[PDB]
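In the order they appear, the protein sequences are chains B and A.
Oh and the first sequence: position 67 is 67 in the entry's author numbering, straight run, nothing missing.
Oh and the second sequence: position 42 is 42 in the entry's author numbering, straight run, nothing missing.
Quick reminder that beta carbons are idealized off the backbone N, C-alpha and C, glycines included.
One structure is given below, encoded as structure tokens.
There are 2 protein chains.
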Amino acid sequence: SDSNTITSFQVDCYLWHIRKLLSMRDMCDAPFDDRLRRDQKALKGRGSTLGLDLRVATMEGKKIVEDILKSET
Amino acid sequence: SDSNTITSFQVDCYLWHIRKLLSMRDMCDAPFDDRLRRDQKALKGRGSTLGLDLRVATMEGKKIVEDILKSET
């Protein structure tokens, strides 16, 4: 799909990864875990339809987020 | 409320901030902007019932995320 659909998916994948780290550390509440579980299923489906490797998309999302965070300083 | 519930809210605020940076750079697609608008209302309503200042919660979320990212690998 278009460039921005891919970028949006990469960023969403990386932010999911951050949320997962919070949850694994047992630092979130139940609603936060429910959203994590539901978004995981949604991301897997979006990735399938886009043909995208979730692991690589997560790594690309990390670069993009670091990039835009650097630009606001 | 409970500690995990506050922490979840702070993290959600900071991740919304990141997503908003993406949108302000013309880097996201239309569904991503729709989720950003929906989640902004969600953070305002959740924050109001927890009593929390959204700007302070965003700053605290930044600290929490940077901290769990420090000890990743």
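Residues of the stretch 29-56 of chain A with Cβ closer than 7 angstroms to any Cβ of chain B, in chain order
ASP29, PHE32
Quick one: which chain A residues come within Cβ less than 7 angstroms of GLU72(B)?
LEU21
Compare the beta carbon distance of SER8(B) and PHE32(A) with 7 angstroms and say whether it is the shorter of the two.
yes
Taking the beta carbon of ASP67(B) as the centre, do at least 16 other beta carbons fall within 10 Å, making it buried, or is it exposed?
exposed
Does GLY61(B) come out as helix, strand or coil in the three-state DSSP assignment?
helix
Using a C-beta cutoff of 7 angstroms, does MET59(A) count as contacting chain B?
no
With DSSP collapsed to three states, give me the class of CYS13(B).
helix
Pairing CB atoms from the stretch 16-27 of chain A with CB atoms from the stretch 35-54 of chain B, are three or more of them under 8 angstroms?
no
Do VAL11(B) and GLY61(B) count as a contact pair if the criterion is CB distance below 7 angstroms?
yes
Could you tell me whether the Cβ of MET24(B) comes closer than 7 angstroms to any Cβ of chain A?
no
Tell me the rounded alpha-carbon separation between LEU69(B) and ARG55(A).
17 angstroms
With 16 other Cβ atoms within 10 Å as the buried cut-off, status of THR58(B)
buried
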